[PDB]
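> take a look and give me a structure for this.
(2 chains, ligands or ions: 1)
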Amino acid sequence: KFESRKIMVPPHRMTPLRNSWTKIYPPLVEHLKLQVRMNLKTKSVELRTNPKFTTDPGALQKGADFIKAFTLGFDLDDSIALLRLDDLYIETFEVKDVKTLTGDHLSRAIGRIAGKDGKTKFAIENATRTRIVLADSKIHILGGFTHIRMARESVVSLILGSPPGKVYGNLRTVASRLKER
Amino acid sequence: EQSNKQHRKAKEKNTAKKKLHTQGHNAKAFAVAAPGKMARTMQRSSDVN
Ligand SMILES: [Mg+2]
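Numbering: from 1, shown residues only, chains lettered A, B, ... in the order given. This is the structure:
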């Protein structure tokens, strides 16, 4: 029942890991009964469940999901939400997986997804209760399964060309028919 | 509320120095040597018809 994981850390998220480690190892050790160790000599977090203390078998994968969601780019508190609840998944896709774009066309596509001052991105998060990080081109979405399909459908309607005002309007309609349920 | 900007098109074959060749002939070549006299005599003889 002694078991482990080890998940790697890309370098742009290695400063914020060793910069926010103090809030990470506690709610992995007491609340979860789980034995962290971060290797630096291969740049990777490692976890192990120790057979004595632990109760929940899903603790190990709960922690691995938590650290990995911090790895892909989501801030600390959001990853904590992944640690607590039981209904949270991440879906990742690309920009070349919708429509093959390159050159300047791709930097303008990321400009429409992100909006000025982040506004358009935030709107998609706020009216869908999901959290989006938007990497180089790969786009990552965290939420519950139905919500992330709503936010995936808005993001993909933004890559293909539709302007952003249309997606605010359709977004608030989606918000109406979401909040009632 | 997104309006794109008009692409101002580029014309086809309708240019004032190409209109002059579209009829049967080169219309620049059937001209006169004194347009002022052509005008004043043309008008007068119109009135006298
Ligand atoms: Mg011009």
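> how about the helices of chain A, start to end?
A:26-29, A:59-72, A:76-84, A:104-114, A:119-126, A:145-159, A:164-179 (DSSP state H).
> tell me what the second one is packed against?
The one in question is helix A:59-72. Here helix A:59-72 touches strand A:3-8, strand A:44-49, helix A:76-84, strand A:89-93, going by 3 or more CB pairs under 8 Å, 6 or more residues apart in numbering or on different chains; DSSP states H and E. For the C-beta atoms, the positions are set from N, CA and C on the backbone; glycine is no exception.
> how about the last one?
Using 3+ CB pairs under 8 Å, 6+ apart as the contact criterion, the secondary-structure elements in contact with helix A:164-179 are helix A:119-126, helix A:145-159.
> still on that earlier bit, and the helices and strands packed on helix A:59-72, which is most packed in?
Across these, averaging neighbours per residue (mean count of other CB atoms under 10 Å in any protein chain shown) puts strand A:44-49 on top, at a mean of 20.
> what residues does chain A put near chain B?
Within chain A, the residues that sit near chain B (CB under 8 Å from any CB of the partner chain) are A:163-165.
> quick one on the thing from earlier: mean neighbour count for the helices and strands packed on helix A:164-179 - can I get that in JSON lines?
Formatted as JSON lines, the helices and strands packed on helix A:164-179 follow (neighbours: other CB atoms under 10 Å in any protein chain shown):
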{"stretch": "helix A:119-126", "mean neighbour count": "17"}
{"stretch": "helix A:145-159", "mean neighbour count": "18"}
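> what's the closest of these to residue A:113?
Of all the helices and strands packed on helix A:164-179, helix A:145-159 sits nearest to residue A:113, with 5.2 Å by CB to CB.
> could I get the helices and strands packed on helix A:59-72 as TSV with distance to residue A:169?
Below are the helices and strands packed on helix A:59-72 laid out as TSV (distance: least, CB to CB, whole Å):
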stretch	distance to residue A:169
strand A:3-8	40
strand A:44-49	43
helix A:76-84	27
strand A:89-93	24
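> quick one: closest of those to residue B:23.
Closest among those, once you apply CB to CB, is strand A:89-93, at 61.9 Å.
> gap between residue A:132 and residue A:163?
19 Å (CB to CB, to the nearest Å).
> next one: residue A:110
Taking CB to CB, one finds residue A:110 at 15 Å from residue A:163.
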